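> Whatever this is, show me its structure:
(one chain, ligands or ions: 2)
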Amino acid sequence: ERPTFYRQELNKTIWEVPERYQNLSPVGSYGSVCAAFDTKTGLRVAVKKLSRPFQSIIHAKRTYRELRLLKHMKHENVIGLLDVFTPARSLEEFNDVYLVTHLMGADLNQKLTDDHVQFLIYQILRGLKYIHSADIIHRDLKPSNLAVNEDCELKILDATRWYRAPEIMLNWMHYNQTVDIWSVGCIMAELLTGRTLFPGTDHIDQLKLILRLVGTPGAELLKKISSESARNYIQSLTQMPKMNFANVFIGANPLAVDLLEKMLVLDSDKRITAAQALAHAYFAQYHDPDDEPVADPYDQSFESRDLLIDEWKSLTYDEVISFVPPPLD
Ligand SMILES: Nc1ccc2c(NC3CC3)nc(-c3ccccc3)nc2c1
Ligand SMILES: O=C(OCc1ccccc1)c1cccnc1
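Numbers count the residues shown, from 1 in each chain. Ligands and ions are numbered 1, 2, ... in the order given. Dropping the coordinates below:
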């Protein structure tokens, strides 16, 4: 049987949650999140109430997508689902979705020491290895999507353009997983210097700042570009030379500089992968081949489906029903 719920009004919204969760306190406003005490585990959790989860086809599918993704993620450097619930007793009543996860400290968004940079980028790459092994691309990696507790343990959660790979800016539709490695490079650079590596004011400025560091594309990359207008734009630009990173990141650990060179390669095909970066010398004190696990296969065949609102809603409901809490250990 389902547990006993209780209503209350927090900020704007009504909140109907199981008695299990106590002392709800707002932490910000996709949906709004409350901090809470979980009486079953004795841990602090974050409860997210999705807003209007089924108000349109796209909302409906987004709701399903988010629930599917969170139910899949089981890795210490990625956000996972402690609980999901609805106060509804039937599919017909069903209109609210709440998700529960570990309350984490602040987000990553100062100049940090080299050992702090090592450990944090290590953990990001370890989560990303896992995510990527599932054929999931994060696409929106940035400091505010990284939660860090006082113990410097990090979990991947969820201007965006500052961390975006140049092939996304240029609107290539066949970009792949290494768009995330680009973002890691921009994050790591920012941690090491205390400044945004590429703080473009728009998408055009963004590219200009990028190419000025990494150089304008050579013939070899230009020959893989299918869009004539895209090729025209970059081919019409002032041909910047690739900068010496050891000069640009003056004083940083030479191994950090070398990893940055391998992450921030213009050509997506020659960018280091998550698994490869983990074996890089910069992470010598943290890397362990037997504790960098891959994920179970993830079925995202639903991404290609076009369904009705009630159908996405019903798929989401099934997923709420089949949820198995993770082991209390
Ligand atoms: N194998 C590849 C590797 C890199 C690529 C890239 N990279 C952009 C220079 C940063 N851009 C594009 C592309 C194609 C059509 C429209 C817009 C962009 N394709 C690429 C194909
Ligand atoms: O804003 C937060 O809640 C987000 C969230 C995301 C997914 C499921 C439940 C809650 C949050 C995340 C990590 C630490 N503290 C709060």
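> Tell me the secondary structure at residue 101.
Recorded secondary structure, residue 101: strand (DSSP: H, G, I helix; E, B strand; the rest coil).
> Ok, the one 3 residues further on next?
At residue 104 the chain is in coil, as set by three-state DSSP.
> Can you get me a residue count around residue 127?
23 (other CB atoms under 10 Å). For every residue, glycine as well, the C-beta is placed using N, CA and C.
> Please look at it and residue 79 and confirm they touch.
No: with contact defined as CB atoms under 8 Å, residue 127 does not reach residue 79; the gap is 9.1 Å.
> Between the two, which contacts overlap?
Counting by CB atoms under 8 Å, 6 or more residues apart in numbering, the shared contacts of residue 127 and residue 79 are 155-156.
> Which strands border the one helix or strand residue 34 maps to, and is each parallel or antiparallel?
According to DSSP states H and E, residue 34 maps onto strand 31-38. In the sheet, strand 31-38 lines up against strand 21-28 (antiparallel), strand 44-50 (antiparallel) (DSSP bridges).
> For the last one, buried residues please.
Okay, so that is strand 44-50. 45-50 (16 or more other CB atoms under 10 Å).
> Would you map the strands across this protein?
5-10, 13-18, 21-28, 31-38, 44-50, 83-85, 98-102, 106-107, 146-148, 154-156 (DSSP state E).
> got TSV for these, with distance to ligand 2 too?
TSV is the format used below for the strands of the chain (distance: least, CB to the nearest ligand atom, whole Å):
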stretch	distance to ligand 2
strand 5-10	14
strand 13-18	12
strand 21-28	6
strand 31-38	4
strand 44-50	4
strand 83-85	8
strand 98-102	4
strand 106-107	8
strand 146-148	5
strand 154-156	7
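> Give me every residue in the protein that's in contact range of ligand 2.
Counting by CB under 6 Å from any ligand atom, the positions of the chain adjacent to ligand 2 are 27, 33, 46, 48, 79, 99-101, 103-104, 147, 157.
> Got a ChimeraX select line for the buried ones in these?
Command for ChimeraX that selects the buried part of the residues of the chain next to ligand 2, burial taken from 16+ other CB under 10 Å:
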select :33,46,48,79,99,100,101,103,104,147,157
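> Helices along the stretch 201-329 of the chain, start to end?
Shown for the stretch 201-329 of the chain, the helices assigned by DSSP state H, counting those that start in this stretch span residues 203-214, 219-222, 228-235, 245-248, 254-263, 274-278, 309-321.
> any chance of these in JSON lines, with mean neighbour count too?
Output for the helices of the stretch 201-329 of the chain, formatted as JSON lines (neighbours: other CB atoms under 10 Å):
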{"stretch": "helix 203-214", "mean neighbour count": "17"}
{"stretch": "helix 219-222", "mean neighbour count": "12"}
{"stretch": "helix 228-235", "mean neighbour count": "13"}
{"stretch": "helix 245-248", "mean neighbour count": "14"}
{"stretch": "helix 254-263", "mean neighbour count": "19"}
{"stretch": "helix 274-278", "mean neighbour count": "20"}
{"stretch": "helix 309-321", "mean neighbour count": "17"}
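> re the thing from before, run through who's touching the strand holding residue 34.
10-13, 15, 17, 20-27, 44-51, 82, 100, 103.
> redo that, cut-off 7 Å
10, 13, 15, 20-27, 44-51, 103 (CB atoms under 7 Å, 6 or more residues apart in numbering).
> Next up, the contacts around the closest residue to residue 99 other than its chain neighbours.
Nearest non-adjacent residue to residue 99, counting by CB to CB, 6 or more residues apart in numbering: residue 48, 4.6 Å away. Counting by CB under 7 Å, 6+ apart, residue 48 touches 31, 33, 98-99.
> With respect to ligand 1, which of those residues is nearest?
residue 31 (33.3 Å; CB to the nearest ligand atom).
> What's the end-to-end length of stretch 72-80?
8 Å (CA to CA, to the nearest Å).
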